[PDB]
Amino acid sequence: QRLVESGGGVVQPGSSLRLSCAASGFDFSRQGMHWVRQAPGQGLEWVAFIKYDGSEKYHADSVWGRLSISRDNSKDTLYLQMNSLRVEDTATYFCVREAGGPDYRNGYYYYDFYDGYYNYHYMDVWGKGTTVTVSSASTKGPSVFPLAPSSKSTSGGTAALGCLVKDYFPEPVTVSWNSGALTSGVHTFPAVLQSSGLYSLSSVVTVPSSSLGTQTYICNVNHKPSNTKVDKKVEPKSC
């Protein structure tokens, strides 16, 4: 059993968006399906449920009339149509399967109409999720500043240097070093969302202290959402 979400993206409030969920590894036509969402650093929020044959639909009060669930059993696909999007709709969206099977009575297994599953009232399969971001912020490439190595950043034989990737929108940015030739001692930190609505993050690399001034170090920042790429050379300080 497998669930794969898609259709997520970054939009301004009032915009529309259509989420899709590809299901495999089981009889999609017989099982109920849920949409569940989780905002960044927040709790799970049940969004909607749809019966195996789509004859019944249920939506949360907070999304009713704006988000709507649907399904196509001929293509084994679950849909979530998102209209009049609001900032609070910003979250990771999960396609989730309703656990189910036959009900048991008088020594008999009963199924619903057309042998559809009865709900067992718990979720047994989750997709990895698709990201939805609703923001008034406009697209913006990152400003890349050097985080130069000095005596106050070295640890004996090794030294730390990096790049500050500042004020971009939206996520994500990816960072490599020396065009991927430098993969050891490298660590890129998760981004912070500043009150400006713009993001910032840092990428750091640990290198031989003796190699400074002889070896060149360039951070390759990539921001596809703005079609921007920046190669930043990091010069060593004399401190």
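Start at 1 with the first residue shown and count on from there.
Look at the mean CA B-factor for 102-110 and for 89-97 in the entry; the higher one is 102-110.
Stretches compared: 10-18, 211-219. Higher mean C-alpha B-factor in the entry: 211-219. Per the PDB record, 184 has a higher Cα B-factor than any other of 202, 184, 174, 31. Among the modelled residues of the chain, residue 71 sits in the middle third by CA temperature factor in this PDB entry. In the PDB entry, residue 149 places in the middle third of its chain by CA B-factor. Among all modelled residues in its chain, residue 54 ranks in the middle third by Cα B-factor. Residue 82: CA B factor lies in the middle third for its chain, per the PDB record. Annotation for residue 129: CA B-factor lies in the middle third of the chain's modelled residues.
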